[PDB]
file model-v9.pdb (PDB, C-alpha atoms (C1' of nucleotides))
ATOM      1  CA  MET W   1      98.157  73.627 112.285  1.00  0.00           C
ATOM      2  CA  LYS W   2     100.488  76.595 112.813  1.00  0.00           C
ATOM      3  CA  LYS W   3     102.365  76.851 116.120  1.00  0.00           C
ATOM      4  CA  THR W   4     104.413  79.907 117.053  1.00  0.00           C
ATOM      5  CA  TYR W   5     107.659  79.556 119.001  1.00  0.00           C
ATOM      6  CA  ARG W   6     109.403  82.505 120.634  1.00  0.00           C
ATOM      7  CA  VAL W   7     113.138  82.221 119.978  1.00  0.00           C
ATOM      8  CA  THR W   8     115.970  83.606 122.109  1.00  0.00           C
ATOM      9  CA  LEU W   9     119.526  83.677 120.743  1.00  0.00           C
ATOM     10  CA  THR W  10     122.687  84.240 122.796  1.00  0.00           C
ATOM     11  CA  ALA W  11     125.820  84.703 120.692  1.00  0.00           C
ATOM     12  CA  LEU W  12     128.500  82.605 122.391  1.00  0.00           C
ATOM     13  CA  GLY W  13     131.072  84.238 120.138  1.00  0.00           C
ATOM     14  CA  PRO W  14     130.827  87.398 118.049  1.00  0.00           C
ATOM     15  CA  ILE W  15     128.227  87.376 115.278  1.00  0.00           C
ATOM     16  CA  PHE W  16     128.448  89.699 112.272  1.00  0.00           C
ATOM     17  CA  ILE W  17     125.756  90.380 109.679  1.00  0.00           C
ATOM     18  CA  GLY W  18     126.704  93.049 107.168  1.00  0.00           C
ATOM     19  CA  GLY W  19     124.673  95.952 105.857  1.00  0.00           C
ATOM     20  CA  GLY W  20     127.411  97.994 104.241  1.00  0.00           C
ATOM     21  CA  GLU W  21     131.156  98.326 103.824  1.00  0.00           C
ATOM     22  CA  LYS W  22     133.323 101.407 104.372  1.00  0.00           C
ATOM     23  CA  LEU W  23     136.960 101.983 103.397  1.00  0.00           C
ATOM     24  CA  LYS W  24     139.594 103.789 105.520  1.00  0.00           C
ATOM     25  CA  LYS W  25     138.270 106.466 107.818  1.00  0.00           C
ATOM     26  CA  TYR W  26     135.818 108.653 105.890  1.00  0.00           C
ATOM     27  CA  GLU W  27     132.463 107.890 107.542  1.00  0.00           C
ATOM     28  CA  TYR W  28     133.896 107.251 111.015  1.00  0.00           C
ATOM     29  CA  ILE W  29     136.594 108.402 113.431  1.00  0.00           C
ATOM     30  CA  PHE W  30     139.227 106.081 114.911  1.00  0.00           C
ATOM     31  CA  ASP W  31     141.306 107.154 117.908  1.00  0.00           C
ATOM     32  CA  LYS W  32     144.223 104.730 117.668  1.00  0.00           C
ATOM     33  CA  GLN W  33     145.440 105.428 121.214  1.00  0.00           C
ATOM     34  CA  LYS W  34     142.216 104.460 123.005  1.00  0.00           C
ATOM     35  CA  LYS W  35     141.206 101.709 120.527  1.00  0.00           C
ATOM     36  CA  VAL W  36     137.845 103.462 120.153  1.00  0.00           C
ATOM     37  CA  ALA W  37     135.930 104.068 116.920  1.00  0.00           C
ATOM     38  CA  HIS W  38     133.268 106.764 116.591  1.00  0.00           C
ATOM     39  CA  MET W  39     130.571 106.857 113.911  1.00  0.00           C
ATOM     40  CA  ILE W  40     129.704 110.419 112.919  1.00  0.00           C
ATOM     41  CA  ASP W  41     126.072 111.530 112.796  1.00  0.00           C
ATOM     42  CA  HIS W  42     126.200 112.197 109.083  1.00  0.00           C
ATOM     43  CA  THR W  43     123.322 114.672 108.805  1.00  0.00           C
ATOM     44  CA  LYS W  44     124.715 116.676 111.718  1.00  0.00           C
ATOM     45  CA  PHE W  45     128.083 116.244 109.998  1.00  0.00           C
ATOM     46  CA  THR W  46     126.814 117.959 106.852  1.00  0.00           C
ATOM     47  CA  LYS W  47     125.051 120.646 108.905  1.00  0.00           C
ATOM     48  CA  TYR W  48     128.368 121.310 110.666  1.00  0.00           C
ATOM     49  CA  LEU W  49     130.118 121.418 107.285  1.00  0.00           C
ATOM     50  CA  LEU W  50     127.571 123.978 106.077  1.00  0.00           C
ATOM     51  CA  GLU W  51     128.123 125.980 109.284  1.00  0.00           C
TER      52      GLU W  51
ATOM     53  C1'   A F   1      38.172 129.818  23.350  1.00  0.00           C
ATOM     54  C1'   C F   2      40.948 122.475  26.675  1.00  0.00           C
ATOM     55  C1'   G F   3      34.415 119.462  32.316  1.00  0.00           C
ATOM     56  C1'   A F   4      37.298 123.917  32.616  1.00  0.00           C
ATOM     57  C1'   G F   5      39.220 128.523  36.120  1.00  0.00           C
ATOM     58  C1'   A F   6      41.168 129.702  40.955  1.00  0.00           C
ATOM     59  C1'   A F   7      43.035 126.183  45.557  1.00  0.00           C
ATOM     60  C1'   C F   8      50.386 124.585  49.733  1.00  0.00           C
ATOM     61  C1'   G F   9      47.323 117.929  52.228  1.00  0.00           C
ATOM     62  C1'   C F  10      48.454 122.196  55.416  1.00  0.00           C
ATOM     63  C1'   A F  11      48.235 123.653  61.042  1.00  0.00           C
ATOM     64  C1'   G F  12      49.930 122.341  66.940  1.00  0.00           C
ATOM     65  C1'   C F  13      53.303 117.699  68.904  1.00  0.00           C
ATOM     66  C1'   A F  14      60.898 117.095  72.678  1.00  0.00           C
ATOM     67  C1'   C F  15      61.743 109.582  70.653  1.00  0.00           C
ATOM     68  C1'   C F  16      60.942 110.905  75.537  1.00  0.00           C
ATOM     69  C1'   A F  17      60.497 108.846  81.311  1.00  0.00           C
ATOM     70  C1'   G F  18      63.027 105.167  85.282  1.00  0.00           C
ATOM     71  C1'   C F  19      67.884 102.454  85.672  1.00  0.00           C
ATOM     72  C1'   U F  20      75.606 102.711  89.703  1.00  0.00           C
ATOM     73  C1'   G F  21      79.411  99.342  84.236  1.00  0.00           C
ATOM     74  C1'   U F  22      78.564  96.863  88.734  1.00  0.00           C
ATOM     75  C1'   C F  23      79.890  91.916  92.054  1.00  0.00           C
ATOM     76  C1'   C F  24      83.882  88.268  93.958  1.00  0.00           C
ATOM     77  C1'   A F  25      89.923  88.270  94.142  1.00  0.00           C
ATOM     78  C1'   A F  26      96.840  89.529  99.280  1.00  0.00           C
ATOM     79  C1'   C F  27     101.389  91.331  93.627  1.00  0.00           C
ATOM     80  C1'   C F  28     102.096  86.651  95.729  1.00  0.00           C
ATOM     81  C1'   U F  29     106.011  82.153  96.130  1.00  0.00           C
ATOM     82  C1'   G F  30     111.859  80.053  97.429  1.00  0.00           C
ATOM     83  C1'   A F  31     116.310  82.903  98.633  1.00  0.00           C
ATOM     84  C1'   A F  32     122.090  83.132 105.306  1.00  0.00           C
ATOM     85  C1'   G F  33     125.351  90.116 102.810  1.00  0.00           C
ATOM     86  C1'   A F  34     128.181  85.536 102.285  1.00  0.00           C
ATOM     87  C1'   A F  35     132.339  82.716 101.844  1.00  0.00           C
ATOM     88  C1'   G F  36     139.942  80.946 100.441  1.00  0.00           C
ATOM     89  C1'   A F  37     144.086  79.374 103.992  1.00  0.00           C
TER      90        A F  37
END
call {"tool": "encode", "arguments": {"input": "model-v9.pdb", "output": "structure tokens"}}
result
Amino acid sequence: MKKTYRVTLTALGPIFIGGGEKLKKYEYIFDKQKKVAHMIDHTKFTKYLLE
RNA sequence: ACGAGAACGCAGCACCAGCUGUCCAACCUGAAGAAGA
């Protein structure tokens, strides 16, 4: 018989699963002073470029 | 000066009426977006 089991996972360390790779900053912004990286809303990015 | 002369085997008539090319059936099975030193 089939028995379901709800599973909870707590990452003790950092866990990374990839979905894509990007080179130096083209699809994101990196403020080196504040150690903060911003990902640009790409459709709003192209609307802004058109504007 | 023919057992012969003259004489449409012709007229009207729907190969037509009823009937599902239908019934059953997962595009499915397995696979770490991942690793040197």
call {"tool": "interface_residues", "arguments": {"input": "model-v9.pdb", "of": "chain F", "to": "chain W", "cutoff": "12 Å", "atoms": "all atoms listed in the file", "output": "JSON, numbers by chain"}}
result
{"F": [32, 33, 34]}
call {"tool": "atom_distance", "arguments": {"input": "model-v9.pdb", "atom1": "atom CA of residue 9 of chain W", "atom2": "atom CA of residue 22 of chain W"}}
result
27.8 Å
call {"tool": "atom_distance", "arguments": {"input": "model-v9.pdb", "atom1": "atom CA of residue 15 of chain W", "atom2": "atom CA of residue 3 of chain W"}}
result
27.9 Å
call {"tool": "residues_around", "arguments": {"input": "model-v9.pdb", "residues": "residue 42 of chain W", "least_positions_apart": "3", "cutoff": "12 Å", "atoms": "only C-alpha atoms (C1' of nucleotides)", "output": "ChimeraX atom specification"}}
result
/W:26-29,38-39,45-49
call {"tool": "write_last_selection", "arguments": {"input": "model-v9.pdb", "atoms": "C-alpha atoms", "output": "PDB file, in the frame of the given file"}}
result
ATOM      1  CA  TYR W  26     135.818 108.653 105.890  1.00  0.00           C
ATOM      2  CA  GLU W  27     132.463 107.890 107.542  1.00  0.00           C
ATOM      3  CA  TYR W  28     133.896 107.251 111.015  1.00  0.00           C
ATOM      4  CA  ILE W  29     136.594 108.402 113.431  1.00  0.00           C
ATOM      5  CA  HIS W  38     133.268 106.764 116.591  1.00  0.00           C
ATOM      6  CA  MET W  39     130.571 106.857 113.911  1.00  0.00           C
ATOM      7  CA  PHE W  45     128.083 116.244 109.998  1.00  0.00           C
ATOM      8  CA  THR W  46     126.814 117.959 106.852  1.00  0.00           C
ATOM      9  CA  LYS W  47     125.051 120.646 108.905  1.00  0.00           C
ATOM     10  CA  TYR W  48     128.368 121.310 110.666  1.00  0.00           C
ATOM     11  CA  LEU W  49     130.118 121.418 107.285  1.00  0.00           C
TER      12      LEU W  49
END
call {"tool": "atom_distance", "arguments": {"input": "model-v9.pdb", "atom1": "atom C1' of residue 35 of chain F", "atom2": "atom CA of residue 21 of chain W"}}
result
15.8 Å
call {"tool": "axis_aligned_box", "arguments": {"input": "model-v9.pdb", "around": "segment 12-21 of chain F", "padding_each_side": "3 Å", "output": "AutoDock Vina command-line options"}}
result
--center_x 64.7 --center_y 110.8 --center_z 78.3 --size_x 35.5 --size_y 29.0 --size_z 28.8
